[PDB]
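Let me begin by presenting the structure, written as structure tokens, before commenting on it.
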Amino acid sequence: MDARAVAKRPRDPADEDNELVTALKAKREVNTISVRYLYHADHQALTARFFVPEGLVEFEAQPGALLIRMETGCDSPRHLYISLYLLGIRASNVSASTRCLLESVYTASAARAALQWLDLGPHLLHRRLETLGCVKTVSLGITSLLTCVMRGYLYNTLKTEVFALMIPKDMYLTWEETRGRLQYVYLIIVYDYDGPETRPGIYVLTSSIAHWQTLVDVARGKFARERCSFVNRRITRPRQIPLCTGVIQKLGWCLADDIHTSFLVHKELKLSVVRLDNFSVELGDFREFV
Amino acid sequence: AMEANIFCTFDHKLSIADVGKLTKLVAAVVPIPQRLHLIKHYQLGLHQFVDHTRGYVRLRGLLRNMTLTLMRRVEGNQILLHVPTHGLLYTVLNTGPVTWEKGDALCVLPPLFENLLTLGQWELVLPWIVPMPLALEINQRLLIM
Amino acid sequence: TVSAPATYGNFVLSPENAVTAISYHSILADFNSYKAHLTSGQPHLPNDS
Amino acid sequence: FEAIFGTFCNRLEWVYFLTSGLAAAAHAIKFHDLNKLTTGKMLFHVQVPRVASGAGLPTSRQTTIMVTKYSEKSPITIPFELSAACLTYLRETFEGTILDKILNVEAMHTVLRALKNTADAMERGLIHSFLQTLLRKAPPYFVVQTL
Amino acid sequence: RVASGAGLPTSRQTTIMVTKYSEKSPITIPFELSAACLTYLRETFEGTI
């Protein structure tokens, strides 16, 4: 170590020639493969590749769909990858007309299998779900390939276009009149304990609050009826041991001015969505509240 | 240019078989008690805490405080350990008893059950890497038991 | 009519081979060629022993 | 003692698309802006001949036929991998001892072998894709002979 | 390797390393001579035809 070594500012990652160019220059050998520029070499987002059967890929052809991993309770597929739209079928929050529309969209054996597996078991819904991230690609086929980011912005190969996050309009939720400049977005699953069986509500919440306790206090204010239902079931129906009235999972952050309303088209049917233009994913785990 | 790493020197003589054993573990999660630049091999692993009158839950409490690091490179006279940073991707070895799936969330647990690097009185006791629901089930079952 | 070798070939071990045979019970034929090519940087030897 | 009588390596042979006789069916062209192109097409204009008819028969009116043909895309791909050990020794010199030089040379040769292997694989894949396209468009003997 | 079409599985790089060993088989043949033959080969008596 010496003074000049300390003074020297670090090398620019962009002005050093890459390893392949280094080797070719060292031997002074030509190659057919273009090598001077490496694509995705400066993508800071972390991505993964997922295989999914043809029946499940609908409304996820467009980039920006939220991707969930669901448990089948079986050893043959073990896990399936489904979108928030498919969960729209099961959620009580979604209206009748939209439910009919996106139920007519998912008329495939795989989607119906997913629904049967979801309703079959005795567990609560959130125990069967694991969130992966947002998708931005599609290669269609009998088995389709989806690439999903799990930490970062949504953009194509050259960053020449940034993708948004699409939320169906019935699931979108806000609790403040004037938005804070920075918004955090959360996934909420809340259970209503009626007589026969629990009806789950599914929401995506955009909020300025980052503290857990304040956020959960606001949520308990907004969902008082479901807490009353939880206590009522605890009283009337012993030997049923419910847990939780709802769970909250954090996934992402975006600016308030990026929020917009839009529609999605698939097989000449229009679904209306809320659109988070420059959304960047940052996943948390399910935290439960009562 | 190098990346930042932590150096570990073995205070015991190593045969070729021992170093050949170490290089098999070139991506395992090694717990370390303190963030320190140079350490001796006794500090590696959980063997330093092992006790006859204490058990699982105290080891869990201690593992809460330890620093997790990944073994990066094996050489003569020294070991290179890399301490991971939040938000970056890394390669880890499934030393646990259970297979993994894409999207799984893993958490570290004390081992419950081949032995690695039996030196004169020290052993490389690595922890368990397990998906979260299994860890919850194990904790509840053990507490009830 | 065909040309054939008139006599057997001869294989001789080098003194470096003697040292390695004594110390490690092993022989590497053309040891010096391997050494020279390794230190010079060539990947390929011209022919086998 | 044990003896080692030489060490041998696979002398791989190289295949080129333009050298194969299958290339006779192709008309190969390089186009640097191909990634920006969406679709390409050609258009044909045909006017048919006709023969004058006798009395009492319907006359054949002149007709023109327009057809167009579109292009189809079929990209190919293949990966190759490098280890972090290869990458660190490719661009580092620890004290410059002869063992370090050996390791640098090994990293360089590793990446060079990978590049050559991948280029050969790309040539073979081009041949494979072209053959698959030709088989896709080619009908069997009984169809064409019936026609 | 052959490059595959989009969506198909790709071919991993593969290195195969093989060793081959030698075998041994000696041969022998005897010949014999008589005591009288050795006597007349080694020594001679009073010189005569």
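Labels for the structure tokens follow display order: chains A, B, ..., residues from 1 in each chain, ligands from 1.
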
Compile the contact shell of residue 260 of chain A as a PDB file with N, CA, C and O atoms, in the first residue's frame: residues with an atom at most 12 Å away, counting only C-alpha atoms, same-chain residues fewer than 6 positions apart removed.
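New file out_1.pdb:
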ATOM      1  N   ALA A 164     -44.918  -1.538 -15.426  1.00  0.00           N
ATOM      2  CA  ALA A 164     -45.691  -1.230 -14.239  1.00  0.00           C
ATOM      3  C   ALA A 164     -46.138  -2.507 -13.540  1.00  0.00           C
ATOM      4  O   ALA A 164     -45.912  -3.620 -14.016  1.00  0.00           O
ATOM      5  N   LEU A 165     -46.781  -2.338 -12.390  1.00  0.00           N
ATOM      6  CA  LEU A 165     -47.428  -3.435 -11.684  1.00  0.00           C
ATOM      7  C   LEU A 165     -48.936  -3.264 -11.781  1.00  0.00           C
ATOM      8  O   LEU A 165     -49.461  -2.187 -11.477  1.00  0.00           O
ATOM      9  N   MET A 166     -49.627  -4.322 -12.190  1.00  0.00           N
ATOM     10  CA  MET A 166     -51.053  -4.268 -12.482  1.00  0.00           C
ATOM     11  C   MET A 166     -51.828  -4.909 -11.341  1.00  0.00           C
ATOM     12  O   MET A 166     -51.574  -6.064 -10.987  1.00  0.00           O
ATOM     13  N   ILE A 167     -52.776  -4.166 -10.781  1.00  0.00           N
ATOM     14  CA  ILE A 167     -53.630  -4.670  -9.710  1.00  0.00           C
ATOM     15  C   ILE A 167     -55.074  -4.579 -10.183  1.00  0.00           C
ATOM     16  O   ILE A 167     -55.490  -3.517 -10.659  1.00  0.00           O
ATOM     17  N   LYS A 169     -58.986  -3.815 -10.146  1.00  0.00           N
ATOM     18  CA  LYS A 169     -59.520  -2.632  -9.481  1.00  0.00           C
ATOM     19  C   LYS A 169     -60.259  -2.976  -8.195  1.00  0.00           C
ATOM     20  O   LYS A 169     -60.282  -2.169  -7.261  1.00  0.00           O
ATOM     21  N   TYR A 172     -57.798  -3.062  -5.119  1.00  0.00           N
ATOM     22  CA  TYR A 172     -56.980  -1.900  -4.799  1.00  0.00           C
ATOM     23  C   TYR A 172     -57.568  -1.162  -3.608  1.00  0.00           C
ATOM     24  O   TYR A 172     -58.789  -1.021  -3.498  1.00  0.00           O
ATOM     25  N   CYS A 254     -43.211   2.511  -4.477  1.00  0.00           N
ATOM     26  CA  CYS A 254     -43.364   3.325  -5.674  1.00  0.00           C
ATOM     27  C   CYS A 254     -43.749   4.739  -5.270  1.00  0.00           C
ATOM     28  O   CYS A 254     -44.122   4.991  -4.123  1.00  0.00           O
ATOM     29  N   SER A 272     -60.257  -4.067 -15.808  1.00  0.00           N
ATOM     30  CA  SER A 272     -59.813  -2.760 -15.350  1.00  0.00           C
ATOM     31  C   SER A 272     -58.872  -2.936 -14.172  1.00  0.00           C
ATOM     32  O   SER A 272     -59.143  -3.722 -13.261  1.00  0.00           O
ATOM     33  N   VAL A 273     -57.764  -2.198 -14.196  1.00  0.00           N
ATOM     34  CA  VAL A 273     -56.679  -2.391 -13.245  1.00  0.00           C
ATOM     35  C   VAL A 273     -56.174  -1.041 -12.761  1.00  0.00           C
ATOM     36  O   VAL A 273     -56.398  -0.008 -13.396  1.00  0.00           O
ATOM     37  N   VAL A 274     -55.486  -1.061 -11.625  1.00  0.00           N
ATOM     38  CA  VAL A 274     -54.697   0.070 -11.153  1.00  0.00           C
ATOM     39  C   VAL A 274     -53.246  -0.205 -11.516  1.00  0.00           C
ATOM     40  O   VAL A 274     -52.794  -1.355 -11.474  1.00  0.00           O
ATOM     41  N   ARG A 275     -52.516   0.843 -11.885  1.00  0.00           N
ATOM     42  CA  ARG A 275     -51.241   0.698 -12.578  1.00  0.00           C
ATOM     43  C   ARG A 275     -50.174   1.506 -11.855  1.00  0.00           C
ATOM     44  O   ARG A 275     -50.306   2.725 -11.719  1.00  0.00           O
ATOM     45  N   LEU A 276     -49.122   0.830 -11.394  1.00  0.00           N
ATOM     46  CA  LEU A 276     -48.026   1.460 -10.654  1.00  0.00           C
ATOM     47  C   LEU A 276     -46.816   1.533 -11.578  1.00  0.00           C
ATOM     48  O   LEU A 276     -46.072   0.562 -11.712  1.00  0.00           O
ATOM     49  N   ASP A 277     -46.595   2.708 -12.175  1.00  0.00           N
ATOM     50  CA  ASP A 277     -45.779   2.795 -13.385  1.00  0.00           C
ATOM     51  C   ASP A 277     -44.322   2.398 -13.168  1.00  0.00           C
ATOM     52  O   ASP A 277     -43.772   1.640 -13.974  1.00  0.00           O
ATOM     53  N   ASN A 278     -43.674   2.889 -12.116  1.00  0.00           N
ATOM     54  CA  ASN A 278     -42.260   2.607 -11.892  1.00  0.00           C
ATOM     55  C   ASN A 278     -42.053   1.751 -10.651  1.00  0.00           C
ATOM     56  O   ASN A 278     -41.169   2.020  -9.838  1.00  0.00           O
ATOM     57  N   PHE A 279     -42.874   0.722 -10.499  1.00  0.00           N
ATOM     58  CA  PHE A 279     -42.843  -0.101  -9.303  1.00  0.00           C
ATOM     59  C   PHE A 279     -41.567  -0.930  -9.245  1.00  0.00           C
ATOM     60  O   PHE A 279     -41.115  -1.473 -10.254  1.00  0.00           O
TER      61      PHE A 279
END

ask   = Near residue 119 of chain B, counting only C-alpha atoms, which residues have an atom at most 12 Å away, once you skip same-chain residues fewer than 2 positions from it, shown as number ranges by chain?
value = B: 10-15, 18, 41-42, 47, 115-117, 121-125

Using 8 Å as the limit and counting only C-alpha atoms, can you tabulate each residue of chain D that touches chain A, with its shortest atom-to-atom distance in Å and the two atoms involved, as CSV?
residue,atom,partner,partner_atom,distance
D:87,CA,A:19,CA,7.6
D:90,CA,A:19,CA,7.6
D:108,CA,A:23,CA,5.8
D:111,CA,A:20,CA,7.0
D:112,CA,A:23,CA,6.8
D:115,CA,A:31,CA,7.7
D:116,CA,A:31,CA,7.7
D:119,CA,A:32,CA,6.7

Please, could you write that set of residues out with N, CA and C atoms as an mmCIF file, in the first residue's frame?
data_model
loop_
_atom_site.group_PDB
_atom_site.id
_atom_site.type_symbol
_atom_site.label_atom_id
_atom_site.label_comp_id
_atom_site.auth_asym_id
_atom_site.auth_seq_id
_atom_site.Cartn_x
_atom_site.Cartn_y
_atom_site.Cartn_z
ATOM 1 N N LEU D 87 -12.444 -16.943 -13.165
ATOM 2 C CA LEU D 87 -12.496 -15.500 -13.356
ATOM 3 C C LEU D 87 -11.458 -14.771 -12.515
ATOM 4 N N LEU D 90 -8.000 -15.255 -14.002
ATOM 5 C CA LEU D 90 -7.858 -14.671 -15.331
ATOM 6 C C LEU D 90 -7.254 -13.275 -15.274
ATOM 7 N N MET D 108 -7.048 -18.557 -19.060
ATOM 8 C CA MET D 108 -7.154 -18.075 -20.432
ATOM 9 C C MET D 108 -7.540 -19.205 -21.381
ATOM 10 N N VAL D 111 -11.326 -20.171 -20.996
ATOM 11 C CA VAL D 111 -12.294 -19.307 -21.665
ATOM 12 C C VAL D 111 -12.174 -19.430 -23.184
ATOM 13 N N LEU D 112 -10.956 -19.618 -23.699
ATOM 14 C CA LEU D 112 -10.802 -19.806 -25.141
ATOM 15 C C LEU D 112 -11.481 -21.083 -25.621
ATOM 16 N N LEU D 115 -15.176 -20.511 -25.781
ATOM 17 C CA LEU D 115 -15.598 -19.721 -26.933
ATOM 18 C C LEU D 115 -15.593 -20.549 -28.213
ATOM 19 N N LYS D 116 -14.536 -21.335 -28.437
ATOM 20 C CA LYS D 116 -14.485 -22.149 -29.650
ATOM 21 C C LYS D 116 -15.594 -23.192 -29.669
ATOM 22 N N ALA D 119 -18.864 -21.514 -30.526
ATOM 23 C CA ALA D 119 -18.976 -21.144 -31.937
ATOM 24 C C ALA D 119 -19.300 -22.357 -32.803
#

query = Within 8 Å of chain D, which residues of chain C show up when using only C-alpha atoms, listed as a PyMOL selection string?
reply = chain C and resi 21+24-29+38-39+41+48-49

Restricted to N, CA and C atoms, what would the selected residues look like written as a PDB file, in the first residue's frame?
ATOM      1  N   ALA C  21      10.298 -42.011  -8.935  1.00  0.00           N
ATOM      2  CA  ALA C  21      10.008 -43.404  -8.619  1.00  0.00           C
ATOM      3  C   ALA C  21      10.421 -43.734  -7.195  1.00  0.00           C
ATOM      4  N   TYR C  24       7.960 -41.267  -4.770  1.00  0.00           N
ATOM      5  CA  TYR C  24       6.510 -41.356  -4.864  1.00  0.00           C
ATOM      6  C   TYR C  24       6.001 -42.617  -5.544  1.00  0.00           C
ATOM      7  N   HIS C  25       6.882 -43.533  -5.949  1.00  0.00           N
ATOM      8  CA  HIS C  25       6.493 -44.746  -6.667  1.00  0.00           C
ATOM      9  C   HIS C  25       5.731 -44.426  -7.951  1.00  0.00           C
ATOM     10  N   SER C  26       6.137 -43.375  -8.657  1.00  0.00           N
ATOM     11  CA  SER C  26       5.441 -42.946  -9.860  1.00  0.00           C
ATOM     12  C   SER C  26       6.441 -42.500 -10.916  1.00  0.00           C
ATOM     13  N   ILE C  27       6.037 -42.633 -12.176  1.00  0.00           N
ATOM     14  CA  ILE C  27       6.841 -42.256 -13.331  1.00  0.00           C
ATOM     15  C   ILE C  27       5.976 -41.440 -14.272  1.00  0.00           C
ATOM     16  N   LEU C  28       6.507 -40.319 -14.743  1.00  0.00           N
ATOM     17  CA  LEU C  28       5.869 -39.534 -15.793  1.00  0.00           C
ATOM     18  C   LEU C  28       6.833 -39.494 -16.970  1.00  0.00           C
ATOM     19  N   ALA C  29       6.515 -40.239 -18.025  1.00  0.00           N
ATOM     20  CA  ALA C  29       7.398 -40.297 -19.180  1.00  0.00           C
ATOM     21  C   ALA C  29       7.468 -38.939 -19.867  1.00  0.00           C
ATOM     22  N   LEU C  38       4.766 -26.813 -19.803  1.00  0.00           N
ATOM     23  CA  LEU C  38       3.977 -26.199 -18.745  1.00  0.00           C
ATOM     24  C   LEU C  38       4.505 -24.813 -18.404  1.00  0.00           C
ATOM     25  N   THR C  39       5.826 -24.673 -18.293  1.00  0.00           N
ATOM     26  CA  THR C  39       6.382 -23.375 -17.925  1.00  0.00           C
ATOM     27  C   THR C  39       6.329 -22.393 -19.091  1.00  0.00           C
ATOM     28  N   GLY C  41       3.972 -22.349 -21.520  1.00  0.00           N
ATOM     29  CA  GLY C  41       2.590 -21.983 -21.741  1.00  0.00           C
ATOM     30  C   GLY C  41       1.891 -22.697 -22.878  1.00  0.00           C
ATOM     31  N   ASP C  48       3.160 -38.505 -27.988  1.00  0.00           N
ATOM     32  CA  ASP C  48       3.252 -39.244 -26.740  1.00  0.00           C
ATOM     33  C   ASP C  48       4.582 -39.984 -26.647  1.00  0.00           C
ATOM     34  N   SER C  49       4.846 -40.532 -25.461  1.00  0.00           N
ATOM     35  CA  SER C  49       6.125 -41.190 -25.215  1.00  0.00           C
ATOM     36  C   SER C  49       6.244 -42.499 -25.984  1.00  0.00           C
TER      37      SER C  49
END

Straight-line distance linking atom CA of residue 70 of chain D with atom CA of residue 62 of chain A, stated in Å to one decimal = 25.5 Å

request  = Please return, as a ChimeraX atom specification, all residues of chain D lying within 10 Å of chain E when only C-alpha atoms are considered.
outcome  = /D:4,7-10,74-81,114,117-129

inquiry  = From a backbone DSSP assignment, name each residue in segment 186-232 of chain A labelled strand (DSSP E), as a list in words.
reply    =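 Listing strand (DSSP E) positions across segment 186-232 of chain A yields residues 186, 187, 188, 189, 190, 191, 192, 199, 200, 201, 202, 203, 204, 205, 206 and 207 of chain A.
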
What does the file look like for those residues with N, CA and C atoms, as a JSON list (two decimals), in the first residue's frame?
[["chain", "number", "residue", "atom", "x", "y", "z"],
["A", 186, "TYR", "N", -48.64, -3.17, 0.03],
["A", 186, "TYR", "CA", -48.75, -4.37, 0.85],
["A", 186, "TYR", "C", -49.81, -5.28, 0.28],
["A", 187, "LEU", "N", -49.70, -6.57, 0.60],
["A", 187, "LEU", "CA", -50.71, -7.56, 0.25],
["A", 187, "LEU", "C", -51.43, -7.98, 1.53],
["A", 188, "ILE", "N", -52.76, -7.94, 1.50],
["A", 188, "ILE", "CA", -53.58, -8.23, 2.67],
["A", 188, "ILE", "C", -54.51, -9.39, 2.34],
["A", 189, "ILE", "N", -54.57, -10.36, 3.25],
["A", 189, "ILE", "CA", -55.57, -11.41, 3.21],
["A", 189, "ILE", "C", -56.29, -11.41, 4.55],
["A", 190, "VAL", "N", -57.61, -11.25, 4.51],
["A", 190, "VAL", "CA", -58.41, -11.11, 5.72],
["A", 190, "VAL", "C", -59.55, -12.12, 5.66],
["A", 191, "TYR", "N", -59.84, -12.76, 6.79],
["A", 191, "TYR", "CA", -60.78, -13.86, 6.85],
["A", 191, "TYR", "C", -62.04, -13.43, 7.58],
["A", 192, "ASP", "N", -63.19, -13.71, 6.97],
["A", 192, "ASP", "CA", -64.49, -13.47, 7.58],
["A", 192, "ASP", "C", -65.03, -14.81, 8.07],
["A", 199, "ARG", "N", -64.76, -16.96, 4.42],
["A", 199, "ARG", "CA", -64.63, -16.32, 3.12],
["A", 199, "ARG", "C", -63.48, -15.34, 3.14],
["A", 200, "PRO", "N", -62.43, -15.55, 2.35],
["A", 200, "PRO", "CA", -61.26, -14.68, 2.43],
["A", 200, "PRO", "C", -61.36, -13.44, 1.55],
["A", 201, "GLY", "N", -60.93, -12.31, 2.08],
["A", 201, "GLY", "CA", -60.81, -11.09, 1.30],
["A", 201, "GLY", "C", -59.35, -10.86, 0.95],
["A", 202, "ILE", "N", -59.12, -10.39, -0.27],
["A", 202, "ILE", "CA", -57.77, -10.20, -0.79],
["A", 202, "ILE", "C", -57.64, -8.78, -1.31],
["A", 203, "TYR", "N", -56.61, -8.07, -0.85],
["A", 203, "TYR", "CA", -56.43, -6.67, -1.19],
["A", 203, "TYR", "C", -54.96, -6.40, -1.46],
["A", 204, "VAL", "N", -54.71, -5.34, -2.22],
["A", 204, "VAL", "CA", -53.38, -4.76, -2.37],
["A", 204, "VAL", "C", -53.47, -3.31, -1.92],
["A", 205, "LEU", "N", -52.73, -2.97, -0.87],
["A", 205, "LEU", "CA", -52.85, -1.68, -0.20],
["A", 205, "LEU", "C", -51.65, -0.81, -0.54],
["A", 206, "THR", "N", -51.91, 0.45, -0.87],
["A", 206, "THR", "CA", -50.87, 1.44, -1.08],
["A", 206, "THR", "C", -50.93, 2.45, 0.06],
["A", 207, "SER", "N", -49.83, 2.59, 0.79],
["A", 207, "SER", "CA", -49.83, 3.41, 1.99],
["A", 207, "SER", "C", -48.49, 4.12, 2.13]]

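Near chain E, the residues of chain A that fall inside 9 Å (using only C-alpha atoms) are residues 139, 140, 141, 143, 144 and 145 of chain A.
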
message = What are the residues of chain B lining chain A at 10 Å or less? Count only C-alpha atoms, and put the answer as an MDAnalysis selection string.
response = chainID B and resid 1 87:89 101:105 133

Output C-alpha atoms for every residue in the selection just made, as a tab-separated table (two decimals), in the first residue's frame.
chain	number	residue	atom	x	y	z
B	1	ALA	CA	-8.84	-6.40	-7.57
B	87	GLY	CA	-30.00	-7.82	-1.01
B	88	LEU	CA	-27.47	-9.82	-3.04
B	89	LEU	CA	-27.65	-13.38	-4.35
B	101	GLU	CA	-37.83	-25.86	-3.96
B	102	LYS	CA	-37.76	-22.59	-5.87
B	103	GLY	CA	-39.20	-19.74	-3.83
B	104	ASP	CA	-38.54	-21.39	-0.47
B	105	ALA	CA	-37.67	-19.19	2.49
B	133	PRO	CA	-42.61	-24.06	7.98
